[PDB]
Amino acid sequence: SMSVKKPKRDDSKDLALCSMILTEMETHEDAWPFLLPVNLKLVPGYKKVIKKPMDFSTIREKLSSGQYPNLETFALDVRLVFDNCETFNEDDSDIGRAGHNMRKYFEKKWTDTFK
């Protein structure tokens, strides 16, 4: 509350650390469905169904330009990529499997870096 604060966590490395996680996600072999925005002119249904499209290149641009106010807003966008993927793709498809794999990969790096 006013004049009553928890001890100050060092957040000065978060930006660099999120960039590093993001690099590891970009270079995973199962990243290909997520590297670039879904082409909304060529993929029927995507525009109407997925209210908030997100992809790794878009996260990278937001990160690099100071548009994430803290590391939780970064994690929300990463999770959104996989939540979108699950909304549009059957679990039993290459892309569906890619999204589950990538989500697991991310969540471990996240826990190990920050928890």
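In the PDB header, X-ray crystallography is given as the technique by which the entry was determined, and 1.9100 Å as its resolution.

Colleague: Break down the nonpolar core for me, citing the residues and quoting the values.
Modeller: Grouped together as the largest cluster of nonpolar side chains are 24 residues, with contacts concentrated most on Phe56, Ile59, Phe74, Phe82, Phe106 and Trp110. At the level of elements, α1 (14-27), α3 (56-64), α4 (71-88) and α5 (94-114) are the ones that each hand at least two residues to this core. Counting residues per element, this core draws most heavily on α4, which supplies eight residues. When residues no more than four places from it in sequence are discounted, the contact partners of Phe74 are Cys18, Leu22, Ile59, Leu63, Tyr68, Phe106 and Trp110.

Colleague: Residue-level account of α3, with values.
Modeller: An α-helical turn contains 3.6 residues, so any two residues separated by three or four positions project in the same direction. What α3 keeps buried is the set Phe56, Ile59, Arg60 and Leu63. Burial along α3 is one-sided: seen end-on, the buried residues are contained in an arc of 100 degrees. Lining the buried residues of α3 we find α1, α4 and α5.

Colleague: So what's going on with the packing of α1 against α3? Which residues, and what values?
Modeller: It is at 11 Å that the axes of α1 and α3 come closest, and there the two elements cross at 160 degrees. Accordingly, the angle class assigned to the pair α1 and α3 is roughly antiparallel. As for the relative orientation of α1 and α3, their crossing is left-handed in sense. Residues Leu15, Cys18, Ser19, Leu22, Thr23, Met25 and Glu26 of α1 pack against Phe56, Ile59, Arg60 and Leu63 of α3. For the contact of α1 with α3, a count of residues per class yields seven nonpolar, two polar and two charged.

Cut-offs and rules
- Residues numbered from 1 in each chain as written, not as in the entry; some residues may be left out.
- Heavy atoms only, no water.
- Residues with missing side-chain atoms left out of burial classes, pairs and counts.
- Core = buried A, V, L, I, M, F, W, Y, C linked by side-chain atoms within 4.5 Å.
- Buried < 20%, exposed > 50% of the residue type's maximum accessible area, 1.4 Å probe, protein only.
- Helix = DSSP H or I, 4+ residues; strand = E, 2+ residues; numbered from the N terminus.
- Contact = heavy atoms within 4.5 Å.
- Arc of directions from axis to C-beta.
- Axes fitted to C-alpha atoms, helices over the stretch in contact; angles between N-to-C directions.
- Parallel < 35°, antiparallel > 145°, perpendicular 65-115°, else oblique.
- Left-handed = near helix turned anticlockwise from the far one by under 90°.
- Nonpolar A, V, L, I, M, F, W, Y, C, P; charged D, E, K, R; others polar.

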